[PDB]
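Encoded as structure tokens, the structure appears first; notes follow it.
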Amino acid sequence: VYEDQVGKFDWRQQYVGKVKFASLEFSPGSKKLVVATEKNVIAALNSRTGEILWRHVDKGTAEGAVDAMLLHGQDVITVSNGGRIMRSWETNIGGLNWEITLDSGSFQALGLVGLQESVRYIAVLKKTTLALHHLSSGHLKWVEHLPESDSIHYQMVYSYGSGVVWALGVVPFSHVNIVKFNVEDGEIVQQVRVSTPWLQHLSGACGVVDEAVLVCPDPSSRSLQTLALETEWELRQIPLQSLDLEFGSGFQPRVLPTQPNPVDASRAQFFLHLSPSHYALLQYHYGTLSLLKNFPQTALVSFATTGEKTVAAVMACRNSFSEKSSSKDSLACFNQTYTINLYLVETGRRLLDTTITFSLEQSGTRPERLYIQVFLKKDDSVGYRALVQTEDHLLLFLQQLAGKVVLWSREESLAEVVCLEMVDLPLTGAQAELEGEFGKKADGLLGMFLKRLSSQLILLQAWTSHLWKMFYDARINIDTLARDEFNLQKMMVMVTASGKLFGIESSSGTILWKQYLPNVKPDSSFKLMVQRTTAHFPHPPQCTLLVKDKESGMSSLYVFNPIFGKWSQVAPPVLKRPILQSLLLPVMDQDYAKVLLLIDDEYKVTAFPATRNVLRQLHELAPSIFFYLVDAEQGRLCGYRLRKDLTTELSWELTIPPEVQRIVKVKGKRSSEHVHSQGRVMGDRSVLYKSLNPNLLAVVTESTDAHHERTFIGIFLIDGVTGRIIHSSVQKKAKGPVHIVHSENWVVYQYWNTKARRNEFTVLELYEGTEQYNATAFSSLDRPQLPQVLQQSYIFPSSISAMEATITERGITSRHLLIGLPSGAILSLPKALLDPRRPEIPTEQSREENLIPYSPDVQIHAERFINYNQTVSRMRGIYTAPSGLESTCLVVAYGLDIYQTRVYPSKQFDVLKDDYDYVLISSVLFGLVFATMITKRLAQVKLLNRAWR
Amino acid sequence: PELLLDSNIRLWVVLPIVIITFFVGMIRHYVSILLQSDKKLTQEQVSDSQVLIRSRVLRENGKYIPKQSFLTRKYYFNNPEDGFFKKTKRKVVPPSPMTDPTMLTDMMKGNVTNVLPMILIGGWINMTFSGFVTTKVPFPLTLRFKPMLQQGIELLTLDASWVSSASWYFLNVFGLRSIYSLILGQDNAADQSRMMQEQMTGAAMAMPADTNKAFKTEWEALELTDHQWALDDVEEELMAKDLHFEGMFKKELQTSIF
Ligand SMILES: *[C@@H]1O[C@H](CO)[C@@H](O[C@@H]2O[C@H](CO)[C@@H](O[C@@H]3O[C@H](CO)[C@@H](O)[C@H](O)[C@@H]3O)[C@H](O)[C@H]2NC(C)=O)[C@H](O)[C@H]1NC(C)=O
Ligand SMILES: *[C@@H]1O[C@H](CO)[C@@H](O[C@@H]2O[C@H](CO)[C@@H](O[C@@H]3O[C@H](CO)[C@@H](O)[C@H](O)[C@@H]3O)[C@H](O)[C@H]2NC(C)=O)[C@H](O)[C@H]1NC(C)=O
């Protein structure tokens, strides 16, 4: 069936990380565009269309990061990790050309060295070790040590086409040593010693210009040092009088040199960074300096070469411009508009054809990085493509001259997703009309009759209009966003760690709205929750978002709309210390909304929707709400509770030794979960009652000490109501990543054994006896009993990156467990297979009722593969949302890409069967009538003939 | 109320099944009428039947008859010298029913095996729709009927109230059992359950399986019966009143002559 419906109601969107090292070479340039991002993934985009041709993902915990990336005519070279493994890739195809291992050093810089004709070797300089490898094949022959390496920092390695390799060594505050070697064999020629007390950094700063000219700025005395590595003896200090001498007080000055690798020689032009934004192109001939084109604003600049001519692109904030403290605004209609202009490098000419103008929509984002791809065409036309990078995470491409400046934009901030939720659609016009027409407060019989008559008349008019439309025929999604009989299209909100809110649809998958936060630093805690639903009219939907930091300790709450995007005019303030925890109260008040309260570090309850009836209901509840807090470093499990109005009191306390055990993860019970059957059939006919706990938390603790044999891992089951451990399970030979999922009454946690290289699967289930309790009111104050705990063991030959369970509204269908694999395919397996009631020896009644003999051998069937073709490179998490029919769950797997589908728990029992031929049914239906009418006359004539004869 | 269903499964299953069973019953009735064939009746058997009717009528209505003529009839029937039933003897067929075997056969034959053809129809209908949910029955049911009721849905938590198309049509068969006679009449032969079972008034009521034995049985039955002249009691009308002849004589004026 899956082959027939390839892409009917599923979609996958592939993304990549933030662009770090992107090049815009390939003079032929059919569609190739290489990008190496900061998440250990190297991708290739298309200039024309924009799709991904070939991408590769190695790592992403802490190793395999890209450090440097060089580019030859057809072959690309890059170094991963920190100087251990280096592999070279291709652009015409996708794969590995060659690989090379390095020694144990600290990667600082690499470059290309050409013997006499072209590049034959690459030079890699580490903290102390210096090496040189081949570019075509992989061979290490040139490797040697430097004179002084301990108190010496080597950076900014420059190479010449003559055949001499130069190396610059600048210590933080002392002297400077420039060394040089040959290219044929390792031979130290001579060493230059120069004293410079104001030379502090050299990694990114000083550049090489002209032909071995070292130029360095100095804001202390506001001067320039120029020295010759090739010839001369010492440096020559140059004062800054011919141009405007304006160096920022608290700013280190930067140089922007450029030297084409294919060309043995270099250029004599370079940009100087001044203050926040002050660039100036100047040329150094021998001792005289010519400055021209004193750029006033020049927010960003870029260099480019195509042939013997050099181009410099300048990005300015122009469109009525009004410059603020650091940002730039344009007061005409759209605001935040920028222009790109081309300039000559040899002279200071400005092209009259190159004039790019584009504006952004969101406010706050500013350009960060930009590349330029000039190419010669025709005879007297210069064409170039600019790729401006948005401040947070976004890519954009511009054309030279067309109808629209923006060609393709890819959202690169949709990779790292922290929290995600799904909300429904408001209503349908006819449905809303019917709901409003039914609404009656107090009326008599005559009134209801009149209303019914009016509704009937409206229905008749609608039917007449419909029939007219049929007779005639016989002869923006944001605006509509209507619902249907089975709600399958839902609006999902995604939150990025960067701080961007994305609203995408479930059916199509197009970006509807996207909002930006003022400022979000890395590793921030996010939490989204929906208070007001969309089923009602009287007030717009309300969605709240909590965000807190780690370093400073700031907590903020936002109240926005998940349907449109505009935020409401209601927001409480936050004071004291950052918000610790939040809880959603099921009781509703005010109009149709839920009440939210938060706990401060001063142990106080703050209510979000301040309302007299809200506080009255909260006070009437009083000793009914409990709060448990969990600590990892402190290792202290606390329980507080509300008393009378608003105050904490310690009720139950637990402590765990941090040195022995360590807290890792804590899962609980979902709020939206309903259990249909409260008992289970047993061998003969007897009922068995279960043990359902709405208030029960599970703690997973591991061992701090890691050894081959000594490994401690266990699960604690504690009630949040009263401190009382139900069951404490412990293993002895398990370690590594452990995943725990909690369900109706069964816990599923997986581990890895060191004694035997395998992954063991433990299923825990809680069961009561044959007699039931009160069974009308459940409370944890009472119920002084201990439920039976059942454990079983299985084998799963995989890693299980993610695990989730399909959750349905009523809970009548089966309970499938979705498991992700490192490959990317997601497999769904039934819970019945992993049942604790698996008899070892085949028993008569056991095999008679419903049971399969126990066998610890779980194989991965290829038929039970939801992901047939579309795969997820990194499965961070999977979210399952219950649909509305009965047996339909929407599964969305997030991570490096996005993919959405529908999972069928047990085939289908709510929708009409697909293979249902109506021709046969209609033919039979008509033939029955035809045969009845045929036989009627036969019977009549038979009766008449029998009577007469 | 749960398990929200589509509006396309009710218009493509319920109505088709209802019309299917309705027209199947009607077609069966019409074909049963068409296939009915007359049985040949021989003159001697006809005469035997008429003599039997005459003797039975004598047995029933014998009070309002003269005693002399009644004894003449009874002698003509009995007549120890010649005897009509005694002399007139036709061919005899060897029998086979026996006391205990037939006493048991009265129940053994019955109508036990007349449900299978309807089961065939239900099986075909269920084969057409494998995984389907037609309707729910308000009547609470026990979980031991779920295998017979659902028969194609893999659900153990679901209640047995939700029925499949098989039981839906099965209940549809007997729902119109008393409705078929409403349009046809008292003598209806549209019963879908009893397909092979012949249900009719019955051609040739008289069935003289053994003419001689029936003759002897009627001969002894007519000897047993007595005579009680119900005419001898005429005094009851003697002392009475005559007011009904005044009765419609009033209402016989009102009609004129056409
Ligand atoms: C099972 O749990 C339920 C709920 O806890 C118990 O029903 C509740 O029982 C209490 C105590 O008998 C009732 O409180 C009553 O309050 C009135 C005043 O409102 C007072 O006059 C009585 O003396 C009594 O204290 C409460 O109304 C009742 N709730 C309901 C909904 O009936 C039930 O007794 C428990 N059953 C067992 C076997 O433990
Ligand atoms: C996994 O995805 C690949 C694509 O990357 C599938 O190969 C392509 O599959 C599509 C249909 O899924 C083929 O399209 C077909 O084209 C013919 C005309 O050429 C048309 O008559 C068909 O109706 C259909 O549209 C496409 O040709 C095919 N491409 C190749 C190179 O084979 C692949 O089948 C997928 N794997 C599966 C389905 O197991």
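Think of each number as a place in line: the chain as shown, counted from 1.
Looks like electron microscopy, 3.3 Å, at least that's what the header says.
Every residue gets a Cβ built from N, Cα and C, even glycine.
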Candidate in A:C206, A:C317 joined to A:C216 through a disulfide, as Swiss-Prot lists it:
A:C206
Return the residue, from the listed glycosylation sites A:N335, A:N869, with the maximum count of other C-beta atoms within 10 angstroms of its C-beta.
A:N335
Among the recorded positions A:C206, A:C216, A:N774, A:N869, whose Cα is within 10 A of the Cα of A:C317 (disulfide bond)?
none
For ligand 2, list the recorded positions among A:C206, A:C317, A:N774, A:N869 whose CB atom is within a distance below 6 Å of it, in sequence order.
A:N869
Can you go through the recorded positions A:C216, A:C317, A:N774 and pick out those with a C-beta less than 6 angstroms from ligand 1?
A:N774
For A:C206 (disulfide bond), just count the other CB atoms lying within 10 A of its CB, please.
23
Between A:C333 (disulfide bond) and A:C206 (disulfide bond), how many Å separate their Cα atoms?
43
Does DSSP give A:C216 (disulfide bond) helix, strand or coil?
strand
Which of the listed disulfide-bonded residues (A:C216, A:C317, A:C333) has the least company, meaning the fewest other Cβ atoms within 10 Å of its Cβ?
A:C333
Where A:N869 (N-linked glycosylation site) sits in the secondary structure, as DSSP reduces it to three classes:
coil
With helix taken as DSSP H, G or I, strand as E or B and everything else coil, how many residues of the topological domain 'Cytoplasmic' (A:940-949) land in each class?
9 helix, 0 strand, 1 coil
Using Cα positions only, nearest of the glycosylation sites to A:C216 (disulfide bond) (A:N335, A:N774, A:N869):
A:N335
